[PDB]
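K.L.:
whatever this is, show me its structure:
(2 chains, ligands or ions: 1)
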Amino acid sequence: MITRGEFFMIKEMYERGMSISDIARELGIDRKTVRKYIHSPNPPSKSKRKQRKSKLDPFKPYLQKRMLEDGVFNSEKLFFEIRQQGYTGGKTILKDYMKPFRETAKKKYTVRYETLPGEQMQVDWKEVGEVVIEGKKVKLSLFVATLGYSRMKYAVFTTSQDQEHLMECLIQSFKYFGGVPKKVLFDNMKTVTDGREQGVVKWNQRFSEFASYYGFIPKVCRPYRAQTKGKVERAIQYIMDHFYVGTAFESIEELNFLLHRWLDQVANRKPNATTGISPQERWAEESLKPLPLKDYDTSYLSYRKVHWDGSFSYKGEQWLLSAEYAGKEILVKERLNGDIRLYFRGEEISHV
Amino acid sequence: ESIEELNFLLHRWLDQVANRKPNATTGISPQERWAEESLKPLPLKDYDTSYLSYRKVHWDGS
Ligand SMILES: [Mg+2]
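P.N.:
Numbers count the residues shown, from 1 in each chain, chains lettered A, B, ... in the order given. Structure data below:
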C-alpha cells in the first residue's frame, strides 16, 4: 500500500538506473515489495472491503417497522424495547442507524442569485383582507410584479384573484416596464398550473396560450418554498409596511392612483440596499422584449339570449335591443373596467 | 497634496535641521545626549497596530 508519491518515487528512481536494493533501503521498503511494484500499472493505495455483520442486525427489521408504522423516533424508547428482546449494546449504534430515517431539518443558509438584465421577473399576490369600501365588503388583494435585475416594483389593488385579473395585471406590469421579460416566476397557483404531474408541472392551457402570446416563459418555484421569489415577497413587506399602514381611502381607483404616485416617487426612486443604485437607472439598463400592439383581451365572455320583446338582461342590468335581435343568441363581452359590449355574429349591437 | 509625502519631507527635515540643531544654552546637538541616554532595547516586534472589531454573519453568509 505504498502511496501515490512512494510509488512514483520507486518507479522513477528505478527507471533512472539506480539500483533496486539501495532504492528499497532509501525508501524503507522490503526488496520483494519494491521489486513487485516495479512491474505494476499504478500506485496501489486502496483496499476494498464489503459490509460486515453487526449487533443490531436481528432487531433492525423490527426497529424499521416501529419507525415506519408507529412513527416512533425516540431512541430511548426503542432501545428500552429491544433491550428486552435481547440487545446488549449501547445506544450510539442505534442512533447512527436511525439517523437517516429522521426528517431533514430545514437549512438556514440561503443562496443568493443575480439574474441577467431583462431576463427575469417575479409575480405574487397579497391578501390584504376584508374592507368596507363604499359600504360594500370586498376582499382586497395586492398584485406585485418585481423585476429581477433592476428591482423595479409595479403594484395594483384588485377585488378578485381570477385568472382574468391575473392576466390583466400582468398586462399592466408589462406596459409599466415598457416590455415583457424572458422569464416570469410565479408560485403554484391554479390560474397558472394544475398540479405536479409526477414531478413535472402541467400548465393551464389558457395561461400557456397567454404566455406564448406575449412570449414570456413561465416558471414555478416549488411547493411550499417562497424563498425562491424573495424579491417580490420582500417588496410586499415593503409596500404593506410603508404604503398600506395608515393611508386611508374610499375608492380603489384612488388607492391605485396613490400607489402609483408613491411608487414613482420613492419605491422606484430610493436606491436599493443591495444593488446600491436607483431602480430607474437599472430600468434604463434593462432590455425587455417589445410589447404586441394589441393586448390579449381579458374580458368575461358569456352567451345570452334576448327575450321575446327585445329586453336583454345581464347580471342586475337591463337593455333595450332592436326587434331584429329578439329571441336570438348574443355575446356579452364584459371588460374588467365594466365596459359591456354586445356582439351578434361578429357585428356590434348599438344597445340602448 | 498627499500627506504621506509631506511626512516624508518632514522626516528628512527632522533628520537634517531639527534633531541636529544645537540648543543655545547647552550648545550641543541633542543627538549626542540621545546617544548617551538609556534606551532599553525594544522587543524587536510590533504590538499589532490593526483595528480589531467583531462582526456577526447573517444566515446569508454575509
Ligand atoms: Mg402567492
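
K.L.:
every contact and neighbour count from this point should use C-alpha atoms.
P.N.:
Noted.

K.L.:
which residue ranges of chain A form strands?
P.N.:
In chain A, the strands defined using DSSP state E lie at A:121-133, A:136-147, A:153-158, A:183-186, A:193-197, A:200-203, A:217-220, A:299-305, A:313-314, A:317-318, A:329-335, A:340-344, A:347-348.

K.L.:
in JSON lines: these, plus distance to the ion.
P.N.:
Formatted as JSON lines, these follow (distance: least, C-alpha to the ion, whole Å):
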{"stretch": "strand A:121-133", "distance to the ion": "5"}
{"stretch": "strand A:136-147", "distance to the ion": "9"}
{"stretch": "strand A:153-158", "distance to the ion": "14"}
{"stretch": "strand A:183-186", "distance to the ion": "7"}
{"stretch": "strand A:193-197", "distance to the ion": "13"}
{"stretch": "strand A:200-203", "distance to the ion": "16"}
{"stretch": "strand A:217-220", "distance to the ion": "11"}
{"stretch": "strand A:299-305", "distance to the ion": "23"}
{"stretch": "strand A:313-314", "distance to the ion": "33"}
{"stretch": "strand A:317-318", "distance to the ion": "34"}
{"stretch": "strand A:329-335", "distance to the ion": "25"}
{"stretch": "strand A:340-344", "distance to the ion": "30"}
{"stretch": "strand A:347-348", "distance to the ion": "39"}
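
K.L.:
most tightly packed of those?
P.N.:
Comparing the strands of chain A by mean neighbour count (mean count of other C-alpha atoms under 10 Å in any protein chain shown), strand A:153-158 ranks first with a mean of 22.

K.L.:
against which helices or strands is it packed?
P.N.:
Judged by 3 or more C-alpha pairs under 8 Å, 6 or more residues apart in numbering or on different chains; DSSP states H and E, the packing partners of strand A:153-158 are strand A:136-147, helix A:163-176, helix A:252-262.

K.L.:
adding distance to residue A:348, write these out as CSV.
P.N.:
Converted to CSV, these look like this (distance: least, C-alpha to C-alpha, whole Å):
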stretch, distance to residue A:348
strand A:136-147, 33
helix A:163-176, 23
helix A:252-262, 29
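
K.L.:
how close does the most centrally placed residue in chain A get to residue A:235?
P.N.:
The residue lying closest to the centre of chain A (C-alpha atoms, centre = their mean) is residue A:221, at 1.5 Å. Relative to residue A:235, residue A:221 is positioned 17 Å away (C-alpha to C-alpha, to the nearest Å).

K.L.:
ok so, going back, so which of the strands of chain A gets nearest residue A:50?
P.N.:
strand A:200-203 (37.8 Å; C-alpha to C-alpha).

K.L.:
list of residues touching the closest one?
P.N.:
By C-alpha atoms under 8 Å, 6 or more residues apart in numbering or on different chains, the surrounding residues in contact with strand A:200-203 are A:192-196.

K.L.:
same check, this time on stretch A:287-298
P.N.:
Outside of stretch A:287-298, the residues within contact range by C-alpha under 8 Å, 6+ apart are A:117-119, A:164-165, A:167-168, A:171, A:174-175, A:178-182, A:210, A:213-214, A:335-336.

K.L.:
ok, 6 Å please
P.N.:
Residues from elsewhere that reach stretch A:287-298 (C-alpha atoms under 6 Å, 6 or more residues apart in numbering or on different chains): A:118, A:164, A:179-181.

K.L.:
quick check: residues of the stretch 101-250 of chain A near chain B?
P.N.:
The stretch 101-250 of chain A comes close to chain B at residues A:109-110, as judged by C-alpha under 6 Å from any C-alpha of the partner chain.

K.L.:
my guess is residue A:45 contacts residue A:5. True?
P.N.:
No. Under the criterion of C-alpha atoms under 6 Å, residue A:45 is not in contact with residue A:5, lying 10.3 Å apart.

K.L.:
ok, residue A:187 - contacts?
P.N.:
Counted by C-alpha under 6 Å, 6+ apart, residue A:187 has contacts A:220-221.

K.L.:
do a quick rundown of the helices in chain A.
P.N.:
A:4-15, A:20-27, A:31-38, A:60-65, A:75-85, A:92-98, A:163-176, A:205-214, A:230-242, A:252-262, A:279-285 (DSSP state H).

K.L.:
for the ion, what is the nearest residue in the stretch 151-300 of chain A?
P.N.:
residue A:187 (5.4 Å; C-alpha to the ion).

K.L.:
ramachandran angles for that residue?
P.N.:
Backbone torsions for residue A:187, taken as degrees, to the nearest 10, come to phi -100, psi 180.

K.L.:
quick one: it from residue A:198, how far?
P.N.:
Residue A:187 is 18 Å from residue A:198, by C-alpha to C-alpha.

K.L.:
where does the stretch 151-300 of chain A get nearest to chain B, which residue?
P.N.:
Here the residue of the stretch 151-300 of chain A nearest chain B is residue A:274; by C-alpha to the nearest C-alpha that distance is 11.7 Å.
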